[PDB]
Amino acid sequence: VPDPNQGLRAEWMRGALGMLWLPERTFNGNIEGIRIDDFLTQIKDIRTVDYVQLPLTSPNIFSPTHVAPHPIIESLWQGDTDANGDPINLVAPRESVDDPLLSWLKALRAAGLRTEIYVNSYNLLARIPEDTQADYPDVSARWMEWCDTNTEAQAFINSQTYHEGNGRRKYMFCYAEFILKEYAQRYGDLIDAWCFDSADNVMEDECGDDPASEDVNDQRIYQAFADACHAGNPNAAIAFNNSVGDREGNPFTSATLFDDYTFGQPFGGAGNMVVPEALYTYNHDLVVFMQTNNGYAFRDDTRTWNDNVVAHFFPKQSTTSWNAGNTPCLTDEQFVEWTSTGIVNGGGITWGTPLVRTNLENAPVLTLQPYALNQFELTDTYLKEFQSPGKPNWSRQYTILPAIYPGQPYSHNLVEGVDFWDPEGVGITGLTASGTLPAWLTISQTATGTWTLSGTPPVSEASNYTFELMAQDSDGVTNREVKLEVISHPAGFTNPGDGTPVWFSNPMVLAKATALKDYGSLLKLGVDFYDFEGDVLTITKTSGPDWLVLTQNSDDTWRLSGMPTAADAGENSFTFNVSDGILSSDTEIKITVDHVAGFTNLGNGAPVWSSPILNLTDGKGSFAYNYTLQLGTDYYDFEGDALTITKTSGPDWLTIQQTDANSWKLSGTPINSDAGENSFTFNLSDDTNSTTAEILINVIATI
Ligand SMILES: [Ca+2]
Ligand SMILES: [Ca+2]
């Protein structure tokens, strides 16, 4: 401090277009199996987009919830469960199950895109200590309890004098060293940028740091957070949200000693960033500021060290939120205008791009709103023609080639209009390479506009290649660095020789299913199934009980779901085929189905109720009463036989009727004359046996 590489490592952000892909409610294994591949297929034709912002933590009160596995965060869970059997206090994916973030990071890299990572600065600490979160009530307390009762933690806290101070300062340093650093070191250079929201809210307003100060001692939490990220990738760009700047001056609040780029929160609070009307002026002037200052935020002030800090904006495309929204806030013409003013010879914009449905608990559709794609494709057309005129433009940030498979036929296409284009529309007149190339590699035009890198490497090939790839139009040549890497096979698989796609083991024992509960198990490439030649693979269910449903999530991830009934109890056997189109191999899949807990098995083969007396919710005088009895909560059969509930005794007002296969509805209006405890008996009978239970409703008289 001060860093000579401050802002210079964010040099790529000048002229960069960004997007936001953010799912909501990521707690308790909801994020396990979630993939970005659907989004990337939808944005295929967008060729001028440079990066995508991903979460590590969620915003606001959802800051403890993580989308990446960590042993310290996983130990905070302690195996807590609810009434249904689902996890509680699990604010991360389980390390044994899935790393969803790594999947997205690799998929974005394969798409030729850089990454920005969202982390809310409040993190595992609770934003509102007075509030308790229904899905994770104890996590924040348990994180605090871990920090002042661990040998490795206390040795770090005591290691420096500045670590303790006002508020929850000691826990903030703990997150940077043990959680944030361990994450950054794992993913390496797959993360290009970090943005830290609510930075001033917790680091300044609670923990007593000064973001305005030039002194290193005043920005120690800022140091701890930045150095943690630089431990994994030293070239990672860092931003802190120290709120919006001044409308009557610099629209970005002045940089800390650890800001590579400006977080760039728009003017106005929640909701529309252009309505009311004055906010349009403020936020567009911010965009114009980026243009006037060539994408450098702080070349106006009297400070020398912040001269390379990149001007960057984080707006909302919609009228409501950053990650979702039904309505655009700007018109098609305005959206293109705002972006081009902001980035073309300016700075960078990460557009808060709305998805259809972000709630993972409510059938998530994690692809763009049709308008968001519409506005982005129109912007894409403009930037293709006008951002870098003359010489050819290479798409996005990287051009990624397939891995070298020794002895195997290599072939990859690079398409005009896709990987590269002449901005003026005459056309690409040729593509050649320069540098240390493979001897087997051939570059030729197979069709009009499509160039092919083909050939067959020898079995002895075990060296990586790095060379420039030159694309030509009538104006000149643009270079793009392309890499070739030899494939590294995962351990635990035996190469069959002939190139048959192989399963890990026969048979395969997966996690235990439970009756009347939605099952969740993943099948991942390089873990459960593998192809030694890297062909695109298909999994098929061939035999077994009907309940198990197979769905594809991505090229490397498949999901097993479905609800087993009471009839499916015991060991279940399945056959699953992995194929490449030529060759295939089968395996046996073994999933044990347990009965619903709480219900007592009599042995007579008879149905059973949850209790001898079912004490229902209170009723009200002259008000309509509703209660639904569900299978596996109130009543259960151990064989899975069709069940019928009939009334046998009790007051006239309450009657029963079947809603569906699982549920039976109790309805009727009680009056003030029916006040007090109301006794009922109901009979549950299948094809043979029968059983009775008492139902108790306390009718309250309205006075
Ligand atoms: Ca300056
Ligand atoms: Ca094969």
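Residues numbered from 1 in each chain as written, not as in the entry; some residues may be left out. Chains lettered and ligands numbered in written order. Heavy atoms only, no water. Residues with missing side-chain atoms left out of burial classes, pairs and counts.

Method of determination for the deposited model, per the PDB record: X-ray crystallography, at 2.8500 Å resolution.

**Student:** Where do I start with the overall build of the protein chain in this structure?
**Tutor:** On a plain count of helices and strands, the protein chain comes out with 11 helices and 37 strands. The dimensions of the protein chain, computed from C-alpha atoms along their principal axes, are 90 × 65 × 55 Å. Within the protein chain, contacts between residues at least 6 apart in sequence are counted, and of these 72% link residues at least 24 apart. (Helix = DSSP H or I, 4+ residues; strand = E, 2+ residues; numbered from the N terminus. Contact = heavy atoms within 4.5 Å.)

**Student:** For this particular structure, what's the right way to read the nonpolar core?
**Tutor:** For soluble globular proteins, nonpolar side chains are generally found buried alongside one another. With 105 residues, the main nonpolar core has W143 and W194 as its most contacted residues. Per-element tally for this core: the top contributor is helix α6 (residues 169-187), with 12 residues. Setting aside its immediate chain neighbours within four residues, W143 contacts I72, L76, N123, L124, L125, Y171, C174, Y175 and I179. Membership of the second largest hydrophobic core comes to 20 residues, among which are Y625, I656, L666 and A693. (Core = buried A, V, L, I, M, F, W, Y, C linked by side-chain atoms within 4.5 Å. Buried < 20%, exposed > 50% of the residue type's maximum accessible area, 1.4 Å probe, protein only.)

**Student:** What is the right way to look at the coordination of the calcium ion (ligand 1) in this model?
**Tutor:** Ideal geometry at a metal centre: 109.5 degrees between donors when four sit tetrahedrally, and 90 or 180 degrees when six sit octahedrally. Summarising the metal site, the calcium ion (ligand 1) is bound by the protein donors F298 (O), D301 (OD), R303 (O), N306 (OD1) and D307 (OD), whose distances to it range over 2.4 to 2.7 Å. Going along the chain, you hit the donors of the calcium ion (ligand 1) in the pattern F-x2-D-x1-R-x2-N-D. Owing to a relative accessible area of 18%, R303 belongs among the buried residues under this scheme. (Donors = N, O, S within 2.8 Å, 3.2 Å for Na, K, Ca; no water.)

**Student:** Quick question: what am I supposed to make of the pairing of strand β27 (residues 584-594) here?
**Tutor:** Note on strand geometry: in a regular strand, side chains alternate between the two faces of the sheet. Pairing of strand β19 (residues 508-509) with β27 involves two bridges; the strand directions are parallel. Across the sheet, the residue bridging to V509 is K590, located in β27. Of the strand pairs in this sheet, strand β26 (residues 570-579) and β27 are connected by 10 bridges, and their pairing is antiparallel. Bridge assignment links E571 to a residue of β27, and that residue is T592. Remark: four residues form the turn of the hairpin made by β26 and β27, two consecutive strands paired antiparallel; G581 in that turn has positive phi of roughly 115°. (Pairing = 2+ DSSP bridges.)

**Student:** What is the right way to look at the UniProt feature "binding site: Ca(2+) 1" (unreviewed entry) in the protein chain in this model?
**Tutor:** Mapped onto the present numbering, the UniProt feature "binding site: Ca(2+) 1" (unreviewed entry) falls at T48 and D50. Here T48 is to be found in the loop between α1 (37-42) and β2 (51-55). Judged by relative accessible area, which is 8%, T48 ranks as buried. Apart from the residues lying within four places of it in its own chain, the contact partners of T48 are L17, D380, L383, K384 and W421. Of note is the side chain of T48, whose polar atom sits 2.6 Å from the side chain of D380. Its place among the elements puts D50 in the loop between α1 and β2. Residue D50 is classed as buried on the basis of its relative accessible area of 8%. (UniProt positions renumbered as here; feature names shortened; annotations may be inferred. Polar contact = N/O pair within 3.5 Å; in protein donor to acceptor, adjacent residues only side chain to side chain.)

**Student:** Got a minute to help me understand the coordination of the calcium ion (ligand 2) in this structure?
**Tutor:** The protein atoms that coordinate the calcium ion (ligand 2) are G499 (O), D531 (OD), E533 (OE), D535 (OD) and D580 (OD), at distances of 2.5 to 3.0 Å. On the basis of relative accessibility, which here comes to 23%, the residue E533 falls in the partly exposed class.

**Student:** Can you walk me through the UniProt feature "binding site: Ca(2+) 2" (unreviewed entry) in the protein chain in this structure?
**Tutor:** Here, UniProt's "binding site: Ca(2+) 2" (unreviewed entry) annotation points to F298, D301, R303, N306 and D307. With respect to the secondary-structure elements, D301 resides in the loop between α9 (278-292) and β6 (312-313). According to the relative accessible area criterion, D301 is partly exposed, its value standing at 27%. Once you skip the residues sitting within four places of it in the chain, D301 turns out to touch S254 and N306. According to the relative accessible area criterion, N306 is buried, its value standing at 0%. When neighbours within four sequence positions are excluded, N306 is seen to be in contact with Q6, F298 and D301.

**Student:** Looking at this structure, how should I read the packing of aromatic side chains?
**Tutor:** Tallied over the full model, the rule gives 37 aromatic pairs. Ring plane angle 5° and centroid distance 6.2 Å describe the contact between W194 and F196, whose orientation is recorded as stacked. Just as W194 is buried, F196 falls in that class too. Here the aromatic residues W143, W146, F156, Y175, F178, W194, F196, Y222, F225 and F240 are joined through ring pairs into a cluster of three or more. The ring of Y162 carries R220 above its face, with NZ or CZ at 4.5 Å from the centroid. In this arrangement the basic side chain of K384 is found over the ring face of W421, its NZ or CZ atom lying 5.0 Å from the centre. (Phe/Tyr/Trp six-rings, centres within 6.5 Å; stacked < 30°, edge-to-face > 60°. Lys NZ or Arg CZ within 6 Å of the ring centre and 35° of its normal.)

**Student:** Quick question: what am I supposed to make of the sheet that holds strand β1 (residues 17-20) here?
**Tutor:** Backbone hydrogen bonds hold the strands of a sheet together, and the pairing may be parallel or antiparallel. Spatially, seven strands are ordered β5-β4-β3-β2-β1-β7-β6 in an open sheet, and the strand pairing comes out parallel. The open sheet terminates on both sides in strands that have one partner only, identified here as β5 (237-240) and β6. Inspection of the sheet shows strand β3 (residues 114-120) paired to strand β4 (residues 193-197) by five bridges, in the parallel sense. Across the sheet, residue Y118 finds its bridge partner in β4, namely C195. On the sheet, helix α8 (residues 220-230) packs against β4 and β5 and is oriented at approximately 155° with respect to β5. (Axes fitted to C-alpha atoms, helices over the stretch in contact; angles between N-to-C directions.)

**Student:** Any chance you could explain the sheet that holds strand β14 (residues 442-447) here in plain terms?
**Tutor:** Strand order in this open sheet of three strands is β11-β15-β14, and the pairing throughout is antiparallel. Of all the strands in the sheet, the pair left with one neighbour each is β11 (410-415) and β14. Along the sheet, successive strands turn relative to each other by an average axial angle of 30°, direction set aside.

**Student:** Sorry, what's going on with the domain arrangement of the protein chain here?
**Tutor:** Interface size, as often reported, equals the accessible area lost upon joining of the parts. Segmentation of the protein chain into domains returns domain 1 (12-386), domain 2 (393-484), domain 3 (502-594) and domain 4 (608-700). Taken over C-alpha atoms, the centre of domain 3 sits 39 Å from the centre of domain 4. Contact residues are listed per partner, giving four residues for domain 3 and eight residues for domain 4. Of the roughly 380 Å² buried at the junction of domain 3 and domain 4 (both faces included), carbon and sulfur atoms supply 67%. Among the residues domain 3 hides against domain 4, the three largest losses belong to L516, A566 and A567. Together they make up 87% of the total. Viewed at the interface, domain 4 and domain 3 are joined by zero residue pairs in polar contact. Per-class residue counts for the side of domain 3 that touches domain 4 are four nonpolar, no polar and no charged. (Domains from an automatic or database assignment. Buried area = accessible area lost by both parts, 1.4 Å probe. Nonpolar A, V, L, I, M, F, W, Y, C, P; charged D, E, K, R; others polar.)

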